[PDB]
Amino acid sequence: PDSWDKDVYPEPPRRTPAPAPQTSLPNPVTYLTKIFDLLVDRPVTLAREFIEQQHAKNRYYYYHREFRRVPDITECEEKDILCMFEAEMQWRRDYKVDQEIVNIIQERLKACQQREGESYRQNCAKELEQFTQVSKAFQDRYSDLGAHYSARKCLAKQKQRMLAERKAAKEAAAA
Amino acid sequence: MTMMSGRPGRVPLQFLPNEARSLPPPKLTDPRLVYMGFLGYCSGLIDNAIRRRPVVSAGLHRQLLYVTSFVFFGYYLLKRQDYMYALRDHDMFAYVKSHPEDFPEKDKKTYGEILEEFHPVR
Ligand SMILES: CCCCCCCCCCCCCCCCCC(=O)OC[C@H](COP(=O)([O-])OCC(O)COP(=O)([O-])OC[C@@H](COC(=O)CCCCCCCCCCCCCCCCC)OC(=O)CCCCCCCCCCCCCCCCC)OC(=O)CCCCCCCCCCCCCCCCC
Ligand SMILES: CCCCCCCCCCCCCCCCC[C@@H](O)O[C@H](CO[C@H](O)CCCCCCCCCCCCCCC)COP(=O)(O)OCC[N+](C)(C)C
């Protein structure tokens, strides 16, 4: 349904075959499905219609909270406590958002594996590639910080990685 | 070592220099004063209990005098304590202002230019 965006959680076009009866015998599954429909799906639908009718008479909205962007930990003086506090809060929010991004990608991967059935090893290559990329990025950013993590430790990790990459690049240039 | 024993202009047994009158007095609802009154009330209760009298009801005049005396002493005690701390801060700031070489304000460095070692936890 329209509850979620179908671009963030995509699905294939859902091709299903038409029934081709080849026996004179009746199909018990169809008879049981008709019984289940008429006996379960209709009263539930009526109850849902009543509940939605009651809901439409009382409609109110809640809004997603917006946050502005503040200076990062790089634009803060060494002992400036207030700027450090704002930067740390913003960094923590970004960490939560990145965790949720990884969660979305993992949900895509699991849904693909279940959906594709016996052809999952070939039909889910793109989702596996996306998860590998996002996992590599996330791992670089936050792994090994440990408990008592902060924006300063993440910055130190990034600086160390940049220094190593610069040295490797300059030594490969001399080759 | 005595830090304030011989500070120029100090009167030997004053307990409250005239300079202290320039500071805001403690409010009568100061929680420290309330704690001193609590101490006086506890002293009154212990006085009742030691003398084998009904602890809460025995002497109301005595308990009132206890609370009043503790509050009365505590008010002047707090005034003197606040005066001493104001003196300490005044002297500190004057000395820092008069010796600029010993208290330099060096250049501020942002965290984007300071190299901090990263220690992985694994
Ligand atoms: C941290 C936050 C704040 C906490 C503050 C600190 C703690 C509280 C304050 C401490 C001092 C205050 C009390 C001092 C006098 C107490 C002496 C005493 O004997 O009491 C008996 C006395 C009973 O005597 P009685 O009623 O005349 O008749 C019974 C006979 O006397 C029958 O008596 P008896 O002599 O025949 O019975 C014998 C008994 C008699 O022996 C005792 O009663 C022991 C009392 C020793 C007093 C404590 C020592 C000095 C204070 C130091 C406390 C240190 C606290 C820090 C933590 C360390 C813990 C020790 O001895 C034993 O049975 C041996 C038992 C061995 C146990 C050993 C443990 C003893 C030490 C425990 C101290 C804990 C703190 C005080 C406990 C409360 C005591 C009432 O108790 C009371 O009735 C008075 C207590 C209530 C008064 C306060 C109520 C205020 C009014 C109500 C309205 C509130 C206003 C709210 C405002 C908002 C508007 C609504
Ligand atoms: C266990 C609790 C301790 C309680 C101790 C006794 C408390 C009751 C005693 C009442 C004190 C009365 C003295 C005040 C009357 C006027 C005298 C005044 O002029 O004396 C001044 C001095 O003031 C007194 O010293 C202040 C006494 C207050 C003591 C209380 C502080 C206790 C520490 C915190 C514990 C909480 C106490 C709570 C009390 C209920 C003179 O200053 P100065 O001549 O230049 O100093 C000589 C010493 N020097 C030079 C070497 C420094």
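Residues numbered from 1 in each chain as written, not as in the entry; some residues may be left out. Chains lettered and ligands numbered in written order. Part of a larger assembly, values for the part shown. Heavy atoms only, no water. Residues with missing side-chain atoms left out of burial classes, pairs and counts.

Looking now at the overall build of chain A. Of regular secondary structure, chain A possesses 5 helices and 0 strands. Listing each helix as α and each strand as β along chain A from the N terminus yields α-α-α-α-α. Compactness check: chain A gives a C-alpha radius of gyration of 27 Å against a globular reference of 16 Å for 175 residues, more than 25% above the reference. For the C-alpha atoms alone, the extent of chain A along its principal axes is close to 80 × 55 × 25 Å. Of all 175 residues assigned to chain A, the portion counted as buried reaches 13%. Restricting to contacts in chain A with at least 6 residues of sequence separation, those with at least 24 account for 52%. Summing over all exposed atoms, chain A offers an accessible surface of approximately 15500 Å²; the carbon and sulfur share of this is 56%. Where the 30 positive side-chain charges of chain A centre and where its 28 negative ones centre are 2 Å apart. (Helix = DSSP H or I, 4+ residues; strand = E, 2+ residues; numbered from the N terminus. Rg over C-alpha atoms; globule rule 2.2 N^0.38 Å. Buried < 20%, exposed > 50% of the residue type's maximum accessible area, 1.4 Å probe, protein only. Contact = heavy atoms within 4.5 Å. Areas by Shrake-Rupley, 256 points an atom, 1.4 Å probe, with all protein chains shown as cover. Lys, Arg positive; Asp, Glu negative; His and termini not counted. Charge placed at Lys NZ, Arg CZ, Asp CG, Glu CD.)

A word on the packing of aromatic side chains. All names here are of chain A. Under the counting rule described, the total for this entry stands at 10 aromatic pairs over all chains. Ring geometry for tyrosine 95 versus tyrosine 149: centroids 5.6 Å apart, planes at 85°, classification edge-to-face. Of this pair, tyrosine 95 sits in helix α2 (residues 81–116) while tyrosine 149 sits in the loop between α4 (125–142) and α5 (151–173); the two residues are 54 residues apart in sequence, bridging distant segments of the chain. Joined through ring pairs, the aromatic side chains of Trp91, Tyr95, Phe138, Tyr142 and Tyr149 make up one cluster. Sitting over the ring of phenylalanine 67, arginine 93 keeps its end group 4.6 Å from the ring centre. (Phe/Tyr/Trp six-rings, centres within 6.5 Å; stacked < 30°, edge-to-face > 60°. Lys NZ or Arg CZ within 6 Å of the ring centre and 35° of its normal.)

This next bit is on the UniProt feature "transmembrane region" (unreviewed entry) in chain B. Residues annotated in UniProt with the feature "transmembrane region" (unreviewed entry) correspond here to residues 62–78 of chain B. The span residues 62–78 of chain B is 100% helical and 0% strand by assignment, and the distance between its end C-alpha atoms comes to 24 Å. (UniProt positions renumbered as here; feature names shortened; annotations may be inferred.)

Before going further, it helps to examine the site of ligand 2. All names here are of chain B. Close to ligand 2 lie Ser5, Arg10, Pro12, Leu13, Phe15, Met36, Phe73, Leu77 and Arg80. Contact distances for ligand 2 include 2.7 Å between an oxygen atom and a backbone N or O atom of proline 12. Its free accessible area being 1200 Å², ligand 2 has 34% of it covered by the protein chains. Here the element with the most residues in the shell around ligand 2 is helix α2 (residues 60–98); it accounts for 3 residues. (Near = heavy atom within 4 Å. Polar contact = N/O pair within 3.5 Å; in protein donor to acceptor, adjacent residues only side chain to side chain.)

Attention now goes to a nonpolar patch on the surface. Where nonpolar side chains cluster on the molecular surface, the patch consists of A:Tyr31, A:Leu32, A:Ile35, A:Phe36, A:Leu38, A:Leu39, A:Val40 and A:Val44 and spans about 810 Å² of accessible area. In this structure A:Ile35 comes out as partly exposed when scored by relative accessible area, which is 34%. (Patch = residues over 30% accessible without salt bridge, like charges linked within 9 Å, V, L, I, M, F, W, Y side chains within 5 Å. Salt bridge = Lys/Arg side-chain N within 4 Å of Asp/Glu carboxyl O.)

Now for the state of the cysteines. Residues and elements named next belong to chain A. Counted by the stated rule, this structure contains 1 disulfide over all chains. A disulfide bridge connects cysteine 112 with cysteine 124, and the sulfur atoms are separated by 2.0 Å. Judged by the torsion about the S-S bond (-105°), the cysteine 112/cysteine 124 disulfide is left-handed. You can see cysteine 112 sitting in helix α2 and its partner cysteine 124 sitting in the loop between α3 (120–123) and α4, a full 12 residues away along the chain. Classification of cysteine 112 by relative accessible area gives buried; the value is 1%. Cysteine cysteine 83 is unpaired, with the sulfur of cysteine 76 as its nearest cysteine sulfur at 4.8 Å. For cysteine 83, a relative accessible area of 32% corresponds to the partly exposed category. (Disulfide = S-S within 2.5 Å.)

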